[PDB]
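A quick write-up on the structure given underneath.
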Amino acid sequence: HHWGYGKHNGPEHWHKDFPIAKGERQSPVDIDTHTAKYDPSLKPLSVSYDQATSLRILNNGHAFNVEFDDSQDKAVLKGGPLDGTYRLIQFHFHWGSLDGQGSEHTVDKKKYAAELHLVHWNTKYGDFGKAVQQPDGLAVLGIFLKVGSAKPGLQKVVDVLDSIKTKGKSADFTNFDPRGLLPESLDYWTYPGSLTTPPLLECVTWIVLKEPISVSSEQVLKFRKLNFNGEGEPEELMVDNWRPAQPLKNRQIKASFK
Ligand SMILES: CCCCCCCCCCOS(N)(=O)=O
Ligand SMILES: [Cl-]
Ligand SMILES: [Zn+2]
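FYI, in full-length UniProt numbering the residues of the sequence shown are 3 to 260.
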């Protein structure tokens with residue numbers, strides 16, 4: 003009985019195996035734009051993905067991960083609310099069964115069609131494993147997806163999904179440039195949170211971009227053709243793999259823009 007997004011193993015069940023699910027800094031959260039406050043102490047955000055080197059794409063039964071070689075100082079996120087440098091290790095998405103839902107974070111309760119998560123770990127901790135044992139071990143750059151014009155830079159990801167339809171399948175995925183998934187503006191909201199999937203560790207500094215990227219209906223429809231199940235098992239489409247907004251508790255969301 004592994005965790006998932008179904009009626010008997012979904013978000014409302016996670017707290018039993020992962021008590022931190024009801025913690026003090028859980029993610030995602032609803033971003034109340036009027037309550038968010040501009041923070042002058044925030045330094046310029048720096049996203050340097052020029053030397054990013056992807057290696058493989060994997061269907062882990064919950065979503066698909068585009069993995070990067072993080073053995074060297076490449077693809078780093080710094081500045082903004084961050085102290086030090088964070089290295090990109092992988093990115094993945096959360097999406098819905100319909101265009102009207104899919105994102106984890108919401109903006110004034112608005113749900114986007116999907117949400118992209120670029121996961122980075124604080125280099126001061128040596129590697130990802132040690133970083134997830136620290137309150138400032140991770141930084142996730144979240145980007146909303148809305149349905150409209152196609153995102154050219156996402157097509158290579160879309161076209162490889164047919165080869166990793168089921169849980170456990172992976173495929174070579176080199177030379178993918180994540181810069182092609184970024185919106186024009188880097189305006190963002192930030193707050194201290196957690197991983198949105200078990201183990202739900204509270205080690206994340208969330209940086210959620212205000213400007214969504216547009217993807218075509220055809221592109222997201224292909225995301226929805228993936229399977230939660232493994233090969234040879236009854237088909238359960240990989241859709242609605244998002245955790246709903248959690249209590250904000252003793253936290254404040256800061257804006258990088260006035
Ligand atoms: C402690 C070992 C488990 C670490 C698992 C990390 C999964 C990270 C990806 C899922 O998180 S999210 N949605 O970006 O917040
Ligand atoms: Cl189901
Ligand atoms: Zn995620």
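Where a beta carbon is used, it is the ideal one built from N, C-alpha and C, also for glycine.
query: Start-to-end residues for the beta strand (DSSP E) that takes in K148; result: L140 to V149
query: Expected contact under 8 Å - CB spacing of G98 and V217 to nearest Å; result: Not really, about 13 Å apart at Cβ, beyond 8 Å.
query: One or two residues paired with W208 in a DSSP bridge; result: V142 and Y193
query: Check whether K169 and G63 have beta carbons under 8 Å apart; result: yes
query: contact_flag[the region 162-179, the region 119-137] where n(CB pairs < 8 Å) is 3 or more; result: no
query: C-alpha distance - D164 paired with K39, whole-angstrom precision; result: 43 Å
query: Those residues which DSSP pairs with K112 across a bridge; result: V109
query: Short Cβ contact (8 Å threshold) for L90 with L120; result: yes
query: CB of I209 within 8 Å of CB of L183, strictly; result: no
query: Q92 in three-state terms, based on DSSP; result: strand
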